[PDB]
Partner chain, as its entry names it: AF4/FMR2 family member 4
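Next up is one chain by itself, shown in structure tokens, the form solved without the partner chain.
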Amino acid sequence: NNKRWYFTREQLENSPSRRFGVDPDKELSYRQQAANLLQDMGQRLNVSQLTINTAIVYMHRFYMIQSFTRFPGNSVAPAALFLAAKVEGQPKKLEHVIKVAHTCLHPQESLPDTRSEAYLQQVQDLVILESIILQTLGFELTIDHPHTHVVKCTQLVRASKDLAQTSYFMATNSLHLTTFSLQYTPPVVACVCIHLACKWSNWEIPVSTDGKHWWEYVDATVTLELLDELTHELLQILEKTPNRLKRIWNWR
């Protein structure tokens, strides 16, 4: 449905991984780390942040159905990224992706002979895993990301380049750091990002002549109660993330 890949908090506690004894906090790390692997490979493979985000969402959803105990993120991430690049029209060659993943996960080891048995197996493994991803996602690969909506929203409130860049930053970090993509629609998340960027910059968007707040123009459901609740959550994990905040911190 339109409810298929969105989950209640209770559903999120009962993840496939919990059912195999993985703590909640541990599981969030497993996500975070996969998203990091995706970011790292994606940048080395020279694919867009959009494609990385698509792979990241695939990853999120994949693990609402599968367990980290059966499928380790170091296995899924490359397959997920391989797929996302195909889907997003920046196809990267299978060998290339295997190679980059190898250096990422084993900087010090050395790539096997592309003629070897060991290598041929890992080529086959990735292809198999791409297939388990497709099947897990029921071939639903068209992803909507908050960012499209960020640009829309930050223009229709005349934000500086800076504010807009920060809002896009939040958006991307929401994918790496939170399960918001599994709980809230892209446009709602975008409001959360613009909210936090504002709070962080000491920018306030003045109430419209009608008495309507900016976010109402973007999503009928959205409430300041919810925005404050969510920005709080997102900001917390940002604080926990070494160096992330530095990137948008006004040092002047």
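Basically, rigid core = biggest C-alpha set you can superpose within 1.5 Å across the two forms. Positions refer to the first chain, counted from 1.
Taking 143-151 and 175-183 in turn, the stretch whose Cα atoms are more displaced from the shown form in 6 other deposited structures of this protein following rigid core superposition is 143-151. Greater C-alpha displacement in 6 other deposited structures of this protein (rigid core superposition, RMS over structures and residues), of 221-229 versus 208-216: 208-216. With 180-188 and 208-216 compared on mean CA B-factor from the PDB entry, the stretch scoring higher is 208-216. Across the two stretches, 223-231 and 46-54, the PDB entry reports the greater mean Cα temperature factor for 223-231.
The entry assigns its greatest Cα B factor, within the set 81, 153, 170, 100, to 153. Of the candidates 109, 140, 88, 130, the deposited coordinates give 109 the top C-alpha B factor. Remark: residue 251 belongs to the highest third of its chain, ranked by C-alpha B-factor as recorded. Per-chain ranking of the deposited C-alpha B factor places residue 118 in the highest third. Residue 76 sits in the lowest third of its chain by CA B factor, as recorded in the PDB entry. Residue 159 sits in the highest third of its chain by CA B factor, as recorded in the PDB entry. Residue 148 sits in the highest third of its chain by CA B factor, as recorded in the PDB entry.
Separately, the form deposited with the partner chain bound exists; it is not shown, and the next lines address it.
Contact here is defined as any heavy atom lying within 4.5 Å of the partner chain in the deposited complex, and by that definition each of 196, 205 and 235 is a contact residue.
Although the partner is absent here, residue 23 is not a contact residue: none of its heavy atoms lies within 4.5 angstroms of the partner chain in the deposited complex.
Taking the partner from elsewhere, residue 183 is found to have every heavy atom lying beyond 4.5 Å of the partner chain in the deposited complex. Although the partner is absent here, residue 244 lies within 4.5 Å of the partner chain in the deposited complex, judged by heavy atoms. Interface residue remark: residue 113 is not counted as part of the site for the partner chain in the deposited complex, having no heavy atom within 4.5 Å.
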